Engineer: 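I'd like to ask some things about the structure below.
Each chain gets a letter, A, B and so on, in the order its sequence line appears, and its residues count up from 1. Computed from heavy atoms alone, side chains included, the values below leave out hydrogens, waters and symmetry copies.
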Amino acid sequence: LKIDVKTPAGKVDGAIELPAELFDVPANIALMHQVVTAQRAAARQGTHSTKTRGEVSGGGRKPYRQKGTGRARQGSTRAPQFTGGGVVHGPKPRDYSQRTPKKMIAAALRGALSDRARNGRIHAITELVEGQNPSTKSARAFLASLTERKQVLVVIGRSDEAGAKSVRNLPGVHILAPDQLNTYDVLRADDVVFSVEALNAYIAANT
Amino acid sequence: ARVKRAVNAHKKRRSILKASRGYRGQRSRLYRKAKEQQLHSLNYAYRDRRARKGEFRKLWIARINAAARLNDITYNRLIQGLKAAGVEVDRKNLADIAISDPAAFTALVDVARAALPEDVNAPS
Amino acid sequence: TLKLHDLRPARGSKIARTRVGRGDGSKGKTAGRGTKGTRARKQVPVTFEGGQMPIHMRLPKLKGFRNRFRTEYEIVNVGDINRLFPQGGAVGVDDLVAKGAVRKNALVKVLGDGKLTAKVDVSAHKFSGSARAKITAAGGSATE
Amino acid sequence: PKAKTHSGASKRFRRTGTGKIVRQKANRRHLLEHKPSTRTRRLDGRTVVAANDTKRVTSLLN
RNA sequence: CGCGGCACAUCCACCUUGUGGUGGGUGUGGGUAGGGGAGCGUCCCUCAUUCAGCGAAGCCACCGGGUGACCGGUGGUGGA
RNA sequence: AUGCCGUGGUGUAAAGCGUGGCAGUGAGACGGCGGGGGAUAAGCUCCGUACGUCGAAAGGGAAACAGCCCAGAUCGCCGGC
RNA sequence: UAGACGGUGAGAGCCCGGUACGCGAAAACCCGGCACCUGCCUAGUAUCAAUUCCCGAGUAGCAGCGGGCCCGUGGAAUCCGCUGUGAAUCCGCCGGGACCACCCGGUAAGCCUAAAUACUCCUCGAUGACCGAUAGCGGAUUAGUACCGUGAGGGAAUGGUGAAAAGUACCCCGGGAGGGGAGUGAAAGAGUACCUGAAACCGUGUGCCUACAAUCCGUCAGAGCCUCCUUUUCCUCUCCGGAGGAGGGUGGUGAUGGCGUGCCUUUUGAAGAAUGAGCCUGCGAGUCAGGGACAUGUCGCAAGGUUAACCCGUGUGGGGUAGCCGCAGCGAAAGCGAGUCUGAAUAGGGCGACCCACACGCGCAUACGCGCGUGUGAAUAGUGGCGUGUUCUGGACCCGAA
Ligand SMILES: [Mg+2]
Ligand SMILES: [Mg+2]
Ligand SMILES: [Mg+2]
Ligand SMILES: [Mg+2]
Ligand SMILES: [Mg+2]
Ligand SMILES: [Mg+2]
Ligand SMILES: [Mg+2]
Ligand SMILES: [Mg+2]
Ligand SMILES: [Mg+2]
Ligand SMILES: [Mg+2]
Ligand SMILES: [Mg+2]
Ligand SMILES: [Mg+2]
Ligand SMILES: [Mg+2]
Ligand SMILES: [Mg+2]
Ligand SMILES: [Mg+2]
Ligand SMILES: [Mg+2]
Ligand SMILES: [Mg+2]
Ligand SMILES: [Mg+2]
Ligand SMILES: [Mg+2]
Ligand SMILES: [Mg+2]
Ligand SMILES: [Mg+2]
Ligand SMILES: [Mg+2]
Ligand SMILES: [Mg+2]
Ligand SMILES: [Mg+2]
Ligand SMILES: [Mg+2]
Ligand SMILES: [Mg+2]
Ligand SMILES: [Mg+2]
Ligand SMILES: [Mg+2]
Ligand SMILES: [Mg+2]
Ligand SMILES: [Mg+2]
Ligand SMILES: [Mg+2]
Ligand SMILES: [Mg+2]
Ligand SMILES: [Mg+2]
Ligand SMILES: [Mg+2]
Ligand SMILES: [Mg+2]
Ligand SMILES: [Mg+2]
Ligand SMILES: [Mg+2]
Ligand SMILES: [Mg+2]
Ligand SMILES: [Mg+2]
Ligand SMILES: [Mg+2]
Ligand SMILES: [Mg+2]
Ligand SMILES: [Mg+2]
Ligand SMILES: [Mg+2]
Ligand SMILES: [Mg+2]
Ligand SMILES: [Mg+2]
Ligand SMILES: [Mg+2]
Ligand SMILES: [Mg+2]
Ligand SMILES: [Mg+2]
Ligand SMILES: [Mg+2]
Ligand SMILES: [Mg+2]
Ligand SMILES: [Mg+2]
Ligand SMILES: [Mg+2]
Ligand SMILES: [Mg+2]
Ligand SMILES: [Mg+2]
Ligand SMILES: [Mg+2]
Ligand SMILES: [Mg+2]
Ligand SMILES: [Mg+2]
Ligand SMILES: [Mg+2]
Ligand SMILES: [Mg+2]
Ligand SMILES: [Mg+2]
Ligand SMILES: [Mg+2]
Ligand SMILES: [Mg+2]
Ligand SMILES: [Mg+2]
């Protein structure tokens, strides 16, 4: 409930109070399972096609007369039991995008961030690098002072470009704006590191 | 996601052909003609586990009948006299005393002759 | 904490599909059809009874016309004015929309089922007959 | 696409307030001299669709 | 009928006295069209964990295991 | 005589009825009994039967032998009736 | 600010081409600015009078036959074609669903007009819970080639040594082909017939059975041999070991006895002398689209639930109230509304609404009740998503005509 800000190469300067109606929602796994599934459905590109027996090139005529040969009657050279012929009930290009209600999406993000904050996994900082030119060597050593884990979600504002560029190629660090938080990326990450400009711009969008 | 069928399909082909060793002709070389015989071979086996309990009894009765007629009694009046005396030996062991111990079979025929009634044709 | 491998759906929300025509241990060769007739290869329409004159041509048509110029009225009972507005006051067409008793952008009509004990001052289109009796009995008024 | 409904069943059936389905009765449009008033009053008004036709009639209205 | 294993339904006691398990009775389990219930095997993706040029896949043989679809072990062949 | 309809007892778990979801079937076969058509012919034909078996039922019997007689296979046993 | 992707003798940010990021254009083309250049304007405006003139002609309108609109000639307006007749210039003409009167609206028969919208032969740059050589384009390979047809047209099959050719010097049998010994290599159990190398099918060797027997080819009973492991006791050379024999147990074979009419489809009924199948390998049939329809499992919110287009974001996220379903029914409708239609009816019906499980209080009472409060605080409920079973429209489970 009481999260304190840590400065790069320093100590605690302030504190941020987390609201109970935004960071202490109970966990609902079946609600979170539908939301996370509906997100990864929307990431599928769905570009996969085949050809049915009318799209396959040629194959229009009847290959021989029906009666009198001792062959089976066939009707087309691209009927689907032929080698090289059409495909029956094949994949066509689809769109996987579920229309999940707004109150179900927003009550899984609050339930995942509550589970992080209930276990002491929300960290507030003020900036990643102390200056204006980026440096990955200084950003890596500062995140190791906070967390010693493999998955970290660094949530910073969009105008902060020096802190963004300082953690782009670290293995296991994902960057997203505060108004782009979603349930899949918060449940993937073992730790969430908010910027204080980012956490105050998330509480103020939910009162 | 296209799935080739070979890794799944070859698991029932091997256990049919491994269970069809010893069969002659196409019934041990080809999968389609060996699945048919395994339908017949496992039906006959079910048929014969239940039928071999009355083939051995058919063999046990035929040997007791032979060992009773050397001690001049029939199989008919031997089962009657053993039940009338209260001897509950099954026909498996009564047709194994008939071979492995012929002198104790006679001591049972002499008990099935004493408990048998005085006139076996008289009404009871 | 919660991870992506602790998220399973609720019990009963997801039952497996019925794949058909996949061997004799399930719905087997005919796939639940069994026939040799029409139902084994096609559908039969709902509008067809085999040749006799169907149920949608035996019976006569329902009588009448439909008024092209019919004016409808959304409806609130006077026993819902009591529960929603227990102290009374000015009850307009806009305050019944926001309290969730009538729809948006529609002509309203106040009917009279319930018990009105509050002293309301209700403004609406086209009051009822038993509704004006219960509003003025509580000391109110009823204007168009 | 969108599910069309049957134009003949919508003109011969309708729904009440609790979901029953009603219809009018036959043998009343003409040839009315030899029918006594005990018969034209039995054939007057509306009745409920019988319980054996209620499944095909529901899936024509919808 | 006897003795032993499994399965379903019901009754009766116990425990989250019920989403169910424990124990004991008792009945029941041929099956086509057909309906309902619970599972095996193959491929792809996400997440977590763990093997692998000190030999993966695949294939072959042998010895084993499950109530069934089928599975595990050891070896040989082979090369990701 | 049976059969049928109502009622009061006694007996019987997997009977009945109302309302929803998904059906399949609508070519039947011989045998017992009562009949029609046929020449009181047919392994013929068409009806009745809280009649049976096959259909969809393996086993034992009738030499062999869907429909007759006995009896309805959950599995195992080199026990018994 | 680089852990994109690939190459490199096996999983490389730190070995190579690159990546992040940042520099770069003689000339040609394109976009834009500024000059040149080109064009237009540089006399009317305001008020008043109310007589006249003009406001798009073989057109509108009307009539015959047709087309098209929700509208199939219908009471059929508006719009379009041909035939005939054929006006009026504002006190005009046309529309407002036959038509007329009033009222409202607009000025037909002249022309031009950006944007939002549709598409990809081709050109750059990315991506795939798409394919991986019977797949994916017909086409990874001479591919619209070979081939077939007079022609229009139809139309294949064919990928993989190894990290590196180091692609086997030389000798031997042979005319060669092919092989053996050497030799290269990690491997020739990789030899230009080449990675892995299954199955049908074809040999060679070897254990048991078989030349007096009538066999849906098996199965239960079962002697004998052969093979490989092993408790007791003999040789104890014995740390030995098994050398042999009797026993016990795996694996192969099966003299002999009993029982036994193939699979599938379709059938009242098939081993059937009904149909289909030579064999093995690969491939070959209930799928998808929709805020569709009905019913259900489950989750969210709940007298409400939910957005569509679109908008802003690196994305799956945040906005968006138009709309839809629910909320009151009855009636042909006017209309009335916990009622309403029918009807002369305060008659009866139809459809709709309405908790007395509950003490109490009420004009209740031999008792249950009647009506209304107080609650003891009774049980209604919808809607959106995602699964499933059927269903609708599409080729709609797949194959097949004349
Ligand atoms: Mg075509
Ligand atoms: Mg054709
Ligand atoms: Mg193809
Ligand atoms: Mg949205
Ligand atoms: Mg043999
Ligand atoms: Mg027996
Ligand atoms: Mg089949
Ligand atoms: Mg049918
Ligand atoms: Mg038929
Ligand atoms: Mg068929
Ligand atoms: Mg007719
Ligand atoms: Mg009339
Ligand atoms: Mg009359
Ligand atoms: Mg059963
Ligand atoms: Mg049984
Ligand atoms: Mg079935
Ligand atoms: Mg090696
Ligand atoms: Mg090796
Ligand atoms: Mg694989
Ligand atoms: Mg195995
Ligand atoms: Mg291996
Ligand atoms: Mg039913
Ligand atoms: Mg018929
Ligand atoms: Mg018939
Ligand atoms: Mg009949
Ligand atoms: Mg007769
Ligand atoms: Mg007959
Ligand atoms: Mg049948
Ligand atoms: Mg039988
Ligand atoms: Mg029966
Ligand atoms: Mg029989
Ligand atoms: Mg027999
Ligand atoms: Mg790489
Ligand atoms: Mg470089
Ligand atoms: Mg027309
Ligand atoms: Mg008008
Ligand atoms: Mg004009
Ligand atoms: Mg104009
Ligand atoms: Mg134009
Ligand atoms: Mg334009
Ligand atoms: Mg484009
Ligand atoms: Mg491209
Ligand atoms: Mg190809
Ligand atoms: Mg291949
Ligand atoms: Mg030519
Ligand atoms: Mg050589
Ligand atoms: Mg060599
Ligand atoms: Mg070497
Ligand atoms: Mg090798
Ligand atoms: Mg070869
Ligand atoms: Mg090879
Ligand atoms: Mg011989
Ligand atoms: Mg014979
Ligand atoms: Mg034999
Ligand atoms: Mg026939
Ligand atoms: Mg045949
Ligand atoms: Mg034959
Ligand atoms: Mg035929
Ligand atoms: Mg044939
Ligand atoms: Mg074939
Ligand atoms: Mg619900
Ligand atoms: Mg109505
Ligand atoms: Mg009434």
Side-chain angles (χ1 to χ4, degrees), chain A residues 30-31 34 38-45 47-49 52 54 57-58 61 66 73-75 79-81 83-84 88-92 94 98-101 103-105 107 133-134 136 165-166 168-171 177 179-182 184 188 205, chain B residues 1-8 11 23-27 29-31 36-37 39-41 44-45 47-49 51-53 55-56 90 92, chain C residues 3-5 9-15 17-18 20-21 25 30-32 34-35 63-65 67 75 100-101 104 111-113 128-130, chain D residues 1-4 16-18 22 45-46 58-59 62:
Chain A
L31 177 59
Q34 179 175 353
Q39 296 189 9
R40 286 183 64 245
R44 286 172 63 104
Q45 183 167 355
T47 54
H48 46 70
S49 178
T52 65
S57 178
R61 71 170 70 183
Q66 186 175 1
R73 62 262 178 100
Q74 291 303 327
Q81 73 267 8
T83 290
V88 170
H89 307 312
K92 289 295 187 180
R94 282 196 281 175
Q98 301 184 3
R99 286 168 49 86
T100 312
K103 297 186 183 180
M104 290 173 70
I105 292 167
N133 48 2
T136 311
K165 292 180 185 292
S166 295
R168 284 193 293 176
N169 58 357
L170 296 173
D179 52 355
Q180 294 290 325
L181 281 161
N182 48 10
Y184 179 73
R188 185 178 68 240
Chain B
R2 184 173 187 264
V3 180
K4 300 291 288 183
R5 298 196 284 120
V7 181
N8 195 4
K11 296 182 187 181
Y23 297 179
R24 59 182 286 162
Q26 294 182 355
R27 302 181 185 189
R29 295 167 176 84
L30 306 177
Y31 168 65
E36 292 176 355
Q37 189 63 42
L39 295 173
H40 292 290
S41 295
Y44 291 159
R47 192 269 313 280
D48 292 334
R49 287 191 290 269
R52 72 186 176 187
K53 302 181 184 65
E55 290 288 328
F56 280 92
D90 56 351
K92 175 179 72 177
Chain C
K3 299 291 292 186
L4 293 171
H5 57 272
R11 194 265 302 160
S13 69
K14 186 75 174 67
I15 65 168
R17 196 179 187 178
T18 299
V20 89
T30 66
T35 316
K63 62 190 180 72
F65 69 103
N67 195 0
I75 288 302
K104 301 189 292 182
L111 300 176
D113 184 72
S128 178
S130 175
Chain D
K2 195 184 289 182
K4 282 178 179 286
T16 61
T18 58
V22 294
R46 288 182 298 274
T58 304
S59 68
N62 294 319

Engineer: Tell me whether F/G55 and F/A56 stack, counting them as stacked only when the base ring centres are under 5.5 Å apart and the planes differ by under 30°.
Structural biologist: yes

Engineer: What is the nucleic acid contact for A/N182, judged by heavy atoms within less than 4.0 Å: base, sugar-phosphate only, or nothing?
Structural biologist: base

Engineer: Heavy atoms only, 4.0 Å cut-off, all strands: where does B/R24 land among base, sugar-phosphate and nothing?
Structural biologist: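 Answer is sugar-phosphate: B/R24 comes under 4.0 Å of backbone atoms only.
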
Engineer: Select base, sugar-phosphate, or nothing to describe what D/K2 touches, counting heavy atoms under 4.0 Å on all strands.
Structural biologist: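 Answer is sugar-phosphate: D/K2 comes under 4.0 Å of backbone atoms only.
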
Engineer: Can you tell me the pairing partner of G/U196 across any strand shown, Watson-Crick or G-U wobble, with both distances under 3.5 angstrom?
Structural biologist: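 Pairing partner, where one exists within any strand: none, as none qualifies.
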
Engineer: Is there a donor and acceptor pair closer than 3.5 Å between the side chain of A/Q180 and the base of G/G317?
Structural biologist: yes

Engineer: Taking 4.0 Å as the cut-off, does a side-chain nitrogen or oxygen of A/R61 come that near to OP1 or OP2 on G/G149?
Structural biologist: no

Engineer: Taking a pair as Watson-Crick or G-U wobble with both distances under 3.5 Å, which nucleotide is matched to E/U22?
Structural biologist: E/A13

Engineer: Between atom CD of A/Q45 and atom CZ of A/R94, what is the distance when rounded to the nearest 0.5 Å?
Structural biologist: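 Those atoms lie 14.5 Å apart.
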
Engineer: Measure the spacing between OG1 of A/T100 and CD1 of A/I105 and express it to the nearest 0.5 Å.
Structural biologist: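 Interatomic distance, A/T100 OG1 to A/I105 CD1, rounded to 0.5 Å: 5.0 Å.
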
Engineer: So G/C228 and G/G249, Watson-Crick or G-U wobble pair with both distances under 3.5 Å, or not?
Structural biologist: yes

Engineer: Please name the nucleotide paired to F/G48 by Watson-Crick or G-U wobble geometry with both distances under 3.5 Å, or report none.
Structural biologist: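 Looking at the geometry, F/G48 pairs with F/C33.
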
Engineer: What is the nucleic acid contact for A/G54, judged by heavy atoms within less than 4.0 Å: base, sugar-phosphate only, or nothing?
Structural biologist: nothing

Engineer: Which nucleotide, if any, forms a Watson-Crick or G-U wobble pair with G/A146, using both distances under 3.5 Å?
Structural biologist: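 Across all strands, not a single nucleotide pairs with G/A146.
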
Engineer: Per the atom types in the model, does the base of G/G385 pair as donor or acceptor with the side chain of A/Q34 at under 3.5 Å?
Structural biologist: yes

Engineer: Distance check: side-chain N/O of C/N67 vs OP1/OP2 of G/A333, anything under 4.0 Å?
Structural biologist: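 So the side-chain polar atoms of C/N67 never come under 4.0 Å of the phosphate oxygens OP1 or OP2 of G/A333.
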
Engineer: I'd like the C1' distance from G/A87 over to G/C93, given in whole Å.
Structural biologist: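 Rounded to whole Å, the distance is 11 Å.
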
Engineer: Using 0.5 Å steps for rounding, measure from the OG1 atom of A/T136 to the CZ atom of A/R168.
Structural biologist: 8.5 Å

Engineer: Would G/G84 and G/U134 count as a Watson-Crick or G-U wobble pair, both distances under 3.5 angstrom?
Structural biologist: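 Between G/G84 and G/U134, no qualifying pair exists.
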
Engineer: Mind checking if A/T47 touches a base, just sugar-phosphate, or nothing, with heavy atoms under 4.0 Å?
Structural biologist: base

Engineer: Once rounded to the nearest 0.5 Å, what's the spacing between atom CZ of B/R27 and atom CD of B/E36?
Structural biologist: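 If we round to the nearest 0.5 Å, B/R27:CZ and B/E36:CD are 8.0 Å apart.
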
Engineer: For G/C259 and G/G218, do both pairing distances fall under 3.5 Å in a Watson-Crick or G-U wobble arrangement?
Structural biologist: yes

Engineer: Tell whether A/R44 reaches the base of G/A129 with its side chain through a donor-acceptor pair below 3.5 angstrom.
Structural biologist: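 A donor-acceptor contact between them is present.
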
Engineer: Considering only heavy atoms from C-beta outward, does the side chain of B/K92 approach that of B/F56 to under 4.5 Å?
Structural biologist: no

Engineer: What about G/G205 and G/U206, stacked or not, using centres under 5.5 Å and planes under 30°?
Structural biologist: yes

Engineer: Reckon D/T16 touches a base, only the sugar-phosphate, or nothing at all at heavy-atom distances under 4.0 Å?
Structural biologist: sugar-phosphate

Engineer: With a 4.5 Å heavy-atom cut-off, do A/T52 and A/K92 have their side chains touching?
Structural biologist: yes

Engineer: Please determine, for G/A334, whether a Watson-Crick or G-U wobble partner exists with both distances under 3.5 Å, and give it or none.
Structural biologist: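 For G/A334, the partner nucleotide comes out as none, under the 3.5 Å rule.
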
Engineer: RNA chain F: B/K92 or C/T35, which has the more 5' nearest nucleotide?
Structural biologist: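 Nearest-nucleotide comparison on RNA chain F picks C/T35.
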
Engineer: Establish whether G/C229 and G/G248 are paired, applying the Watson-Crick or G-U wobble definition with both distances under 3.5 Å.
Structural biologist: yes

Engineer: Answer with base, sugar-phosphate or nothing: what part of the nucleic acid does C/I15 contact at a heavy-atom distance below 4.0 Å?
Structural biologist: sugar-phosphate

Engineer: Need one value for B/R52: base, sugar-phosphate or nothing, where a base atom within 4.0 Å counts as base even if backbone is also close, heavy atoms only.
Structural biologist: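 Touches sugar-phosphate only.
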
Engineer: Check the phosphate of G/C288 against A/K92, side-chain N and O only, distance under 4.0 Å to OP1 or OP2. Yes or no?
Structural biologist: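 Result: no.
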
Engineer: So, with the rule that both contacts fall under 3.5 Å, do E/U74 and E/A61 count as a Watson-Crick or wobble pair?
Structural biologist: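 Pairing holds for E/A61 and E/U74, meeting the Watson-Crick or G-U definition.
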
Engineer: Assign B/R5 to base, sugar-phosphate, or nothing according to its heavy-atom contacts below 4.0 angstrom with the strands shown.
Structural biologist: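 Result for B/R5 = base.
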
Engineer: If you assign B/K11 and A/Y184 each to the RNA chain E nucleotide with the nearest heavy atom, which residue ends up on the more 5' nucleotide?
Structural biologist: A/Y184

Engineer: For D/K4, which contact category applies under a 4.0 Å heavy-atom criterion: base, sugar-phosphate, or nothing?
Structural biologist: nothing

Engineer: How long is the straight-line distance from CG of A/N182 back to CZ of A/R188, given to the nearest 0.5 Å?
Structural biologist: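 A/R188 atom CZ to A/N182 atom CG measures 9.0 Å (nearest 0.5 Å).
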
Engineer: Assign C/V20 to base, sugar-phosphate, or nothing according to its heavy-atom contacts below 4.0 angstrom with the strands shown.
Structural biologist: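 The answer is base, as C/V20 lies within the cut-off (heavy atoms under 4.0 Å) of a base atom.
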
Engineer: Once you apply a heavy-atom cut-off of 4.0 Å, does B/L30 come out as touching a base, just sugar-phosphate, or nothing?
Structural biologist: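 Answer is sugar-phosphate: B/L30 comes under 4.0 Å of backbone atoms only.
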
Engineer: What do you reckon, do G/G176 and G/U232 form a Watson-Crick or wobble pair with both distances under 3.5 Å?
Structural biologist: no

Engineer: Reckon A/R40 touches a base, only the sugar-phosphate, or nothing at all at heavy-atom distances under 4.0 Å?
Structural biologist: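 Here A/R40 touches the bases of the nucleic acid.
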
Engineer: Counting only Watson-Crick or G-U wobble pairs whose two distances fall under 3.5 Å, which nucleotide matches G/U210?
Structural biologist: none

Engineer: Tell me the partner of G/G373, counting only Watson-Crick (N1-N3 plus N6-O4 or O6-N4) or G-U wobble (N1-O2 and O6-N3) with both under 3.5 Å; none if nothing fits.
Structural biologist: G/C360

Engineer: Base, sugar-phosphate or nothing for B/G25? Non-hydrogen atoms, less than 4.0 Å.
Structural biologist: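 Here B/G25 touches no strand at all.
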
Engineer: Does E/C51 have a Watson-Crick or wobble mate here (both distances under 3.5 Å), and if so which one?
Structural biologist: none

Engineer: Is there a side-chain contact between B/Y31 and the phosphate of G/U281, meaning an N or O under 4.0 Å from OP1 or OP2?
Structural biologist: no

Engineer: When you check the glycosidic angle of G/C336, does it come out syn, meaning within 90° of 0, or anti?
Structural biologist: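 You should classify G/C336 as syn.
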
Engineer: Reckon A/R94 has a side-chain N or O less than 4.0 Å from the OP1 or OP2 of G/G128?
Structural biologist: no

Engineer: I'd like to know if G/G247 and G/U230 make a pair - Watson-Crick or G-U wobble, with both distances under 3.5 Å.
Structural biologist: yes

Engineer: Using the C1'-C2'-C3'-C4' dihedral sign as the criterion, classify the sugar of G/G139 as north or south.
Structural biologist: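 Sugar pucker of G/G139 - north, given that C1'-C2'-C3'-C4' is above zero.
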
